[PDB]
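The chain below stands alone, shown as structure tokens; this is the form deposited in one PDB entry.
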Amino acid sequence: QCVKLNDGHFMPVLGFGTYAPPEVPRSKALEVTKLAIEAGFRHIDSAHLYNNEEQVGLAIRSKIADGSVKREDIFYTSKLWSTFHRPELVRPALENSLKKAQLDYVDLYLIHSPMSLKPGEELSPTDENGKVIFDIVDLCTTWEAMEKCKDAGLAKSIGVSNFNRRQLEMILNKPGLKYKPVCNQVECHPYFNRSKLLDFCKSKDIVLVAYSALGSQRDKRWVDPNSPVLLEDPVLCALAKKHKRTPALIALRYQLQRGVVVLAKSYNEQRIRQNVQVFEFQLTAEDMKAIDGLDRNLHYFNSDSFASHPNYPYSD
């Protein structure tokens, strides 16, 4: 149930999403990550931004301590936040994430976003109009610093997140490149299926990793509540009835059959256990074509706070 990355490491194809909004106690991330591991999740997706690495790391260490898993069975991801793109900040950021999680290494470290933010101030510096304050950083220098983190053994693999094709090409074409990104973790679901970006990633042996694969958490900070609710989609519902599964399981299975590694966040015990059933059935070619027909260029994250950033990826 893993894919081989372009650096020889292996990534489980179903990952557990650990972000929950501030109104959810930090406490819960511990409980639910333990449940996820218990249910069979072996890929766990976190980030500095999520303010949960202590909890997620403790859950991992607890399941190691009680003999449920070994460290080598777990694939743990963190992400470099955008105020730390300047190359001298990259390794310290990673070391901080490792200290929070109390792990010797991460399996994967990502550049969280191509949108660099002003360093040395707040987590997300914003101007008087609520627009994030940009910084101009050559991301090929950020990437070089990421490569050094791999060479040091702090991260087994390195990749990117929220890059568009041109932004990936900038890294892939860098003189002296040592390591390609193993993946590009992007918003991806039947309303925004990223087929052309997926084709490009496949052509370069870069794994596309889907977030908001179940339609996002529809956070009021970033998501229009008028947007269609993915898990209420009539085609997904019809397919769920056909297969006697659920719309969520259809949406996850869709990604696996296109060669996309898929994340799924749930803080609910029943749904956490349900999501692992993605391995238990399959969709036909006609089912897949029906789901492909849902594409409508819908990125749920759609905010003024990001859309003017000079490296906003959806500009392309």
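Counting begins at 1, following the sequence as shown. Definition used throughout: the rigid core is the maximal C-alpha set that superposes within 1.5 Å between two forms.
Hey, which bit's got the bigger mean C-alpha B factor in the entry, 39-47 or 252-260?
Taking the mean B-factor of the alpha carbons in each, 39-47 is higher.
Take the C-alpha B-factors listed in the entry for 18-26 and for 5-13, compute each mean, and give the stretch with the larger one.
Stretch with the higher mean C-alpha B-factor: 18-26.
Highest recorded C-alpha temperature factor, please, choosing from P181, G130, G215, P114.
Comparing C-alpha B-factors across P181, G130, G215, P114, the top value belongs to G130.
Going by the entry, which of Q167, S157, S124, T246 has the most elevated CA B factor?
Answer, based on the entry's C-alpha B-factors: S124.
Per the entry's values, where does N173 land by CA temperature factor relative to the rest of its chain, in the lowest, middle or highest third?
Highest third - that is where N173 ends up once the chain's C-alpha B-factors are sorted.
Among the modelled residues of this chain, does the Cα B factor of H189 put it in the lowest, middle or highest third?
Its C-alpha B-factor, which the entry lists for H189, ranks in the lowest third among residues of this chain.
Which third, lowest, middle or highest, does the CA B-factor of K79 fall in along this chain?
Answer is lowest: the recorded C-alpha B-factor places it there.
Consider only the C-alpha atoms of the modelled residues in this chain, order them by B-factor as the entry records it, and name the third containing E31: lowest, middle or highest.
Highest third - that is where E31 ends up once the chain's C-alpha B-factors are sorted.
Consider only the C-alpha atoms of the modelled residues in this chain, order them by B-factor as the entry records it, and name the third containing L103: lowest, middle or highest.
For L103, whose C-alpha B-factor we compare with every modelled residue in the chain, the answer is the highest third.
Here the subject shifts to the form deposited in another entry, a form of this protein not shown in this document.
Superposing the core, which one of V209, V160, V132, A213 shows a C-alpha shift reaching 2 Å or more between this form and the one not shown?
With the rigid core fitted, the residue that moves is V132.
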